[PDB]
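Protein chains in written order, with the deposited numbering: chain A, 3 to 347; chain A', 3 to 347; chain A'', 3 to 347. A prime marks a further copy of an entry chain. Note that beta-carbon positions come from the ideal geometry of N, C-alpha and C, so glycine has one too.
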Amino acid sequence: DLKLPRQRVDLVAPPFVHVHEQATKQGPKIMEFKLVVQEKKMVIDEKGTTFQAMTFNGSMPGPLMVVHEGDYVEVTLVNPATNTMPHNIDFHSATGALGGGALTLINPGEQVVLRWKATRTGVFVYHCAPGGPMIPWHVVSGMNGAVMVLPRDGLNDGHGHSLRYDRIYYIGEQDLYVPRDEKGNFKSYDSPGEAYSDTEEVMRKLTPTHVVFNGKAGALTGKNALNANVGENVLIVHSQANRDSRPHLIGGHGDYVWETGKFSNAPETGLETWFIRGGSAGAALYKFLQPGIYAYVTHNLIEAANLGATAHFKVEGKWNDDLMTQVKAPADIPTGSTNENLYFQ
Amino acid sequence: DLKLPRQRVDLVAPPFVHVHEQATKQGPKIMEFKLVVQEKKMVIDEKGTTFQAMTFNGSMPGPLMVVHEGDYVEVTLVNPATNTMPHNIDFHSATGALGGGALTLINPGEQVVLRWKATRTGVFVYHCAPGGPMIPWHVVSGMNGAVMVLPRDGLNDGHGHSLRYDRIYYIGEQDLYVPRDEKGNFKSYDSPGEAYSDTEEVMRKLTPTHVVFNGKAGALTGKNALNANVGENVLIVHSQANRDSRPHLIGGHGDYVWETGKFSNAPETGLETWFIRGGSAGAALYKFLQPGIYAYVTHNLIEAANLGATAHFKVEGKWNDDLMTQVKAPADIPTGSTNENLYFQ
Amino acid sequence: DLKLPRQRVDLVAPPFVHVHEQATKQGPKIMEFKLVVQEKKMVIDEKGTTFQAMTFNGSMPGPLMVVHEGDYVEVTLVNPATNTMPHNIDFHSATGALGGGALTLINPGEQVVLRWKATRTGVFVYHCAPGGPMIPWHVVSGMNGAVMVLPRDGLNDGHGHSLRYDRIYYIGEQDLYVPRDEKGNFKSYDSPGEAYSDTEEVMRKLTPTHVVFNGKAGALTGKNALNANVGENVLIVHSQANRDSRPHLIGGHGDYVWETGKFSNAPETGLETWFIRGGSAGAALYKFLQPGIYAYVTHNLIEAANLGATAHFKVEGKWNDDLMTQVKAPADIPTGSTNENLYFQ
Ligand SMILES: [Cu+2]
Ligand SMILES: [Cu+2]
Ligand SMILES: [Cu+2]
Ligand SMILES: [Cu+2]
Ligand SMILES: [Cu+2]
Ligand SMILES: [Cu+2]
Numbered sequence: 003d004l005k006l007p008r009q010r011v012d013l014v015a016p017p018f019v020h021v022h023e024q025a026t027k028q029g030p031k032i033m034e035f036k037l038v039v040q041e042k043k044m045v046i047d048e049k050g051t052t053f054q055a056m057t058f059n060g061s062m063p064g065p066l067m068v069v070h071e072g073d074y075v076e077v078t079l080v081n082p083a084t085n086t087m088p089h090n091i092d093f094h095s096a097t098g099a100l101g102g103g104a105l106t107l108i109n110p111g112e113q114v115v116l117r118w119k120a121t122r123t124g125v126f127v128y129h130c131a132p133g134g135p136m137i138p139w140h141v142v143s144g145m146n147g148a149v150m151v152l153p154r155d156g157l158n159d160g161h162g163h164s165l166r167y168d169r170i171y172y173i174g175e176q177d178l179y180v181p182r183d184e185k186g187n188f189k190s191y192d193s194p195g196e197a198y199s200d201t202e203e204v205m206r207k208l209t210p211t212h213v214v215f216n217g218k219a220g221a222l223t224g225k226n227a228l229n230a231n232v233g234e235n236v237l238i239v240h241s242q243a244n245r246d247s248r249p250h251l252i253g254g255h256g257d258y259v260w261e262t263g264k265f266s267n268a269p270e271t272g273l274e275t276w277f278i279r280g281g282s283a284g285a286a287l288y289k290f291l292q293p294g295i296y297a298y299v300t301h302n303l304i305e306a307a308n309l310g311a312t313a314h315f316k317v318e319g320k321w322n323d324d325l326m327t328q329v330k331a332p333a334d335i336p337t338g339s340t341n342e343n344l345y346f347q
Numbered sequence: 003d004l005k006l007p008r009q010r011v012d013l014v015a016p017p018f019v020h021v022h023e024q025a026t027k028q029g030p031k032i033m034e035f036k037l038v039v040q041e042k043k044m045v046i047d048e049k050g051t052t053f054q055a056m057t058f059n060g061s062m063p064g065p066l067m068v069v070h071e072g073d074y075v076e077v078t079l080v081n082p083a084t085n086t087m088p089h090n091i092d093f094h095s096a097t098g099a100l101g102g103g104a105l106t107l108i109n110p111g112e113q114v115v116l117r118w119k120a121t122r123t124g125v126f127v128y129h130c131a132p133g134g135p136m137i138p139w140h141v142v143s144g145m146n147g148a149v150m151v152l153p154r155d156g157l158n159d160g161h162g163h164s165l166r167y168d169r170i171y172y173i174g175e176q177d178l179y180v181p182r183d184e185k186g187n188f189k190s191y192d193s194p195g196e197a198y199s200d201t202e203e204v205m206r207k208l209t210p211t212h213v214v215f216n217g218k219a220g221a222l223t224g225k226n227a228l229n230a231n232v233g234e235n236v237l238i239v240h241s242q243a244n245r246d247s248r249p250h251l252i253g254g255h256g257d258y259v260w261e262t263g264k265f266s267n268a269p270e271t272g273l274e275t276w277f278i279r280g281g282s283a284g285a286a287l288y289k290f291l292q293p294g295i296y297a298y299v300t301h302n303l304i305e306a307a308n309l310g311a312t313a314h315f316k317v318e319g320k321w322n323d324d325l326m327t328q329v330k331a332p333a334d335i336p337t338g339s340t341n342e343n344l345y346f347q
Numbered sequence: 003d004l005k006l007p008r009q010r011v012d013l014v015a016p017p018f019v020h021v022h023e024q025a026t027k028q029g030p031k032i033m034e035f036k037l038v039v040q041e042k043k044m045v046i047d048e049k050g051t052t053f054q055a056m057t058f059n060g061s062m063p064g065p066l067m068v069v070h071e072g073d074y075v076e077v078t079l080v081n082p083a084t085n086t087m088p089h090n091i092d093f094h095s096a097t098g099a100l101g102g103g104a105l106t107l108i109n110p111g112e113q114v115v116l117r118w119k120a121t122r123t124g125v126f127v128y129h130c131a132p133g134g135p136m137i138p139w140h141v142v143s144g145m146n147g148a149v150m151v152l153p154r155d156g157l158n159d160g161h162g163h164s165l166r167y168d169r170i171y172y173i174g175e176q177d178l179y180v181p182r183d184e185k186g187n188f189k190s191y192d193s194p195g196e197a198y199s200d201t202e203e204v205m206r207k208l209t210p211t212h213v214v215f216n217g218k219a220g221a222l223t224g225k226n227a228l229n230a231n232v233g234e235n236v237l238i239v240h241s242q243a244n245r246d247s248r249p250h251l252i253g254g255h256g257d258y259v260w261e262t263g264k265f266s267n268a269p270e271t272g273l274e275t276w277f278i279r280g281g282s283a284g285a286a287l288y289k290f291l292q293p294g295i296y297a298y299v300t301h302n303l304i305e306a307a308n309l310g311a312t313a314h315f316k317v318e319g320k321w322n323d324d325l326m327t328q329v330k331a332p333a334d335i336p337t338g339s340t341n342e343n344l345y346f347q
């Protein structure tokens, strides 16, 4: 007997986001989304390591859902008969029944329809959580995404000023636990079930083998770099359903950062590095001031450079020599420079 | 020559809390507490693994002490002659002498009386800290608790509105470092001293074998679930004296969260997951809106499900279908559903 | 064509800081700094373990640079011909070209001059970042420091009150990854290049062998303790370029803490323990109220006591028995004390 208008949303693969309004004058709606569970082998690194992944909608992360405060979110969760395990969904945005997990457990060949009222603003994790040890294993197998619940008036700076983004990207970070053989090579498996025992042993020691954005090392570099232009205000939503992260935009800042990810809280200003606690989503606005390549990392630089957790932005525009300039290009060290007379010698 | 009234406090075992007022019109008092050190073997997991524990008042965590701003806290620390090691106490709430550690070192058969003025509001860790390597070892052996210093006016939302809790629970999280034999079995020892060398080796690699609430895996599940009712505002104090945590109430939120734990700072609103930095206590208020089981975890879900760090709430009340409802129970996937035509196939 | 006055800054070795003003009436200047890369073997622990370090200005951390909002910072980066590797510098305070890394890559025998406008207030990390796996390896080899960009009006409490420090100390925390032989002994190498392969293997498992302040275990204890006096307001700048930390002043508090480190954000008040996300600098003011030894730690107490991460303050002044006093010195436990009748027995 919820007599509200219904609006179907077509989800898009991360790091892109389905079309939505920021500020709206539309009243509350039943926002209809479909998530289809896909268990499949995926490539996770640049050497071609494969992985028995479990996904919402075939991606790591699952897609970003966007609704407004006071909307109702009606999610059809589908578990195709080609899958081997039960699945469900827990929305950190939702109230009751373990986030909906206690209402969405489906076997292969089943679907279920959950509605939750979007009473809490912010970016939130959603993840599979079937029970017991299956909870971490489904989540670190890739079954996690995020949902953004925007204020109807859109974002503000917590000091009565509207904030509008020109562009939005969703960065889902995934810790992966890939078994190795005696020789230190990553092991391949024919099913998630066959990988489980060896994978739980790696999981137990809490140290990922891979930490990736958008499902694989290099996913958001080279050809798949994130585009932007000088002057654009870009919202960067970052989620980590299992493990902490410390995002940093190399050559940039977080102009406005909700590191705990909830828009009822004023953002922090001018951050270098922020913190996404495992089990949450956060968000950072930045207005690009300079063109060129930016690397977006977790600033555990070992994770960023050696375990997969670097994305790139390619920003078009004119260089601003006032903000930064190379005064003198690399040149031989004079004489007659008196390095040798310095304090620390 | 402190001529204030004296009030003796009877401590209770966590996760319960001794009777106290929130707002008070009482003036500053000397609040008298007794903590008795108990070294003893304890069971820490559901397979019956034992552990040479060191405790305040026989529990992990030690009990929650509750006082008001400007009270004086007079702690009798007792180290019974049946114990084998010196102990002391460091109050993160206190000013001077390493939190009182430099004034409370006692051998077995000794007691000492420390007074500290409650000048700082919030929830704080207290822990043993005898010196050198004994500091981490006493703390990760279980010698840590918390103290709450309430404003005399009780809690507020940082925006001039009173916040009152119906119910308070203290969740002490403990990282444990249990040696394993060649075969991967947990080792048993006859004394804390005999366990030390092997335990320090595990401690050095920074990866707990167990992460538990109230001293053991399963301590706050099944029969020992935390009770609440729909409409109750519940304060959840969480401490971790050694290692970070990211609390999350599955199916709930943090309405008001002091993740750094200090009531001179406005809480954040509507959090999904918060962050307890090792060496601190934090606190979250939540008003239950839905009945049923809630799991309260660290949202490193590997820690939560596989290393012990899950508690349950059992909440009585009437389900609210407006906040969340199962629109359609699990059913076979139509035909004629066109899964196969979806974008990500 | 930047026609501003030029001011040369003489850097000093951490934990000291070069002379500067807090509030200034000086207009924007070109602030000239020189950083000289020094690759050298350094001692990192109390057992004399050596390490193939890479440094700015021969120290871990590199020195603290201090400027004011709207200054321009003109950095001459020097890579002497006695070094073996290329180096560069990334300023988290700077906008564009990967923080300046994309404008400062120099071979041994070269120098380069970078200018960046100090548009963002706070404490920021600077670090070497040559590209790819060399980024973490240069950073965890010691090539990181910090820069403080003060408001021209100096610090404030975010509530319109000026905050002034009597004394400033820069604590650079360094995670180190030292290979071990079959026997568990730390390995020595003749060059950074020869250490690389074995070091990357340790780095990959994300668990430091050492966590140190000012480059070595014990660097800021005993003779090299940090001095202060009762009544002094001390600013403690803490940086970690690669890995999280949770600073705590044992026997003290953070009166005013910018844990994300950016002065456009009001500090938090009265913290026990704060959080420095890897890849950032934060800062805490404290007014000493009590004399004596204070230990300043990361409150992973295993790291603090067993991997090197403890500093000391030695504070001169008169003890305040009102804040804390030993009511009764250690004494035998009465009879007739009824320990045995207590709840937890
Ligand atoms: Cu699943
Ligand atoms: Cu969750
Ligand atoms: Cu002890
Ligand atoms: Cu402590
Ligand atoms: Cu370098
Ligand atoms: Cu960086």
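Between which two residues does the alpha helix (DSSP H) containing residue i stretch?
i: A'':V142; result: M136 to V142
i: A':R122; result: A':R122 -> no alpha helix (DSSP H), and no H or E assigned at all.
Which one of the options has the shortest CA to CA distance from residue i?
i: A:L228; options: A:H314, A:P293, A:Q24 and A:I91; result: A:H314
i: A:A15; options: A:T26, A:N59 and A:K36; result: A:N59
i: A:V317; options: A'':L100, A'':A311, A'':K49 and A'':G338; result: A'':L100
i: A'':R206; options: A:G186, A:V45, A:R117 and A:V69; result: A:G186
i: A:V149; options: A:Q242, A:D155, A:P194 and A:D177; result: A:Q242
i: residue 2 of chain A''; options: A'':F126, A'':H161 and A'':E184; result: Residue numbering for chain A'' in the displayed model covers 3 to 347; residue 2 of chain A'' lies beyond these limits and cannot be assessed.
i: A:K5; options: A:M33, A:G224, A:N341 and A:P249; result: A:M33
i: A':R169; options: A':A286, A':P194, A':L178 and A':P153; result: A':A286
i: A'':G98; options: A:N341, A:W321 and A:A331; result: A:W321
i: A'':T106; options: A:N343, A:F346, A:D3 and A:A331; result: A:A331
i: A':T211; options: A:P210, A:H212, A:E203 and A:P249; result: A:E203
So which residues of chain A' does residue i contact, with C-beta pairs closer than 8 Å?
i: A'':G224; result: Per Cβ cutoff of 8 Å: no residues; A'':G224 is ~13 Å from chain A' at best.
So with CB distances below 7 Å, who are the chain A' contacts of residue i?
i: A'':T52; result: Within 7 Å Cβ-Cβ: nothing; A'':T52 doesn't reach chain A', min ~20 Å.
i: A:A96; result: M326
In chain A', what lies closer than 9 Å to residue i by C-beta?
i: A:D92; result: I252 and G253
i: A:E112; result: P332, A333, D334 and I335
Go to residue i, then tell me how far its beta strand (DSSP E) extends in each direction, as first and last residue.
i: A'':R182; result: Where A'':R182 is concerned, there is no enclosing beta strand (DSSP E), given that its DSSP letter is neither H nor E.
i: A':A285; result: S282 to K289
i: A:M205; result: No beta strand (DSSP E) contains A:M205, which is instead part of the alpha helix (DSSP H) from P194 to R206.
i: A'':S241; result: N235 to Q242
i: A':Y298; result: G294 to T300
i: A':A148; result: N146 to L152
Could you work out which residues of chain A lie near residue i, taking near to mean beta carbons separated by less than 9 Å?
i: A':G294; result: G98, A99, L100 and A104
i: A'':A15; result: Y345 and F346
Which residues in chain A'' have a C-beta closer than 8 Å to the C-beta of residue i? List them in chain order.
i: A:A297; result: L100
i: A':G174; result: Correct list: empty, because the minimum Cβ distance to chain A'' is about 14 Å.
Residues near ligand 5, criterion Cβ-heavy atom distance below 6 Å: In chain order, the residues that have a beta carbon nearer than 6 Å to some heavy atom of ligand 5 are A'':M56, A'':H89, A'':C130, A'':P132, A'':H140 and A'':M145.
Is the region 296 to 310 of chain A' close to the region 256 to 266 of chain A', with three or more CB pairs under 8 Å? No contact exists between the region 296 to 310 of chain A' and the region 256 to 266 of chain A'.
Are the region 142 to 162 of chain A and the region 47 to 57 of chain A in contact at 8 Å, needing three or more beta carbon pairs? Yes, the region 142 to 162 of chain A is in contact with the region 47 to 57 of chain A.
Using a Cβ distance threshold of 8 Å, determine whether the region 268 to 281 of chain A'' contacts the region 119 to 136 of chain A', with at least three qualifying pairs required. Yes, the region 268 to 281 of chain A'' touches the region 119 to 136 of chain A'.
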